[PDB]
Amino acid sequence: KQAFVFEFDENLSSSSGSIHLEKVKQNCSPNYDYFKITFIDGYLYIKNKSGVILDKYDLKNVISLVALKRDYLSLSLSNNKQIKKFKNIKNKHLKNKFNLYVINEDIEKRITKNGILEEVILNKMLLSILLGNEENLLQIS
């Protein structure tokens, strides 16, 4: 598949939509793979403690750049059973096995022009939909 569903839920923000992923050719970090994430459609919601929507940001066409250690390539097994999502488990922090990090959450600053708040939340969202789902990256060219 080209596009993937993503879902993110936490107490003060949530997001969903679909993303396109592609490997980024690079020669500066031989032990890491770079991936470019393009948001095809989606919204980022900021909510209060009781779930009321305070703000929302259209993610459409936002572009993110991430990297992780090529240890993930040894993940088994790339089998189709069945539909892969980039989903997080609400309030369940996970281990970062492959030193996944975000290089730039919004390259063209479509949302982070709004300020640090958006950057920080977008950064958190990216790590949270990726971590634990790295086996999904195996099929990305």
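In this text, residue numbers run from 1 along the sequence as written.
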Quick note on 25-33 and 41-49: per-entry mean CA temperature factor is higher in 25-33
As stated in the PDB record, which stretch has the larger average Cα B-factor, 53-61 or 69-77?
69-77
Most elevated Cα B-factor in the entry, residues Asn99, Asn91, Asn104, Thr112
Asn91
Mind checking which third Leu12 falls in for C-alpha B-factor across the chain?
middle
In terms of the chain's CA B-factor thirds, is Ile121 lowest, middle or highest?
lowest
Name the third of the chain's ranked CA B-factors that contains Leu127, choosing lowest, middle or highest.
lowest
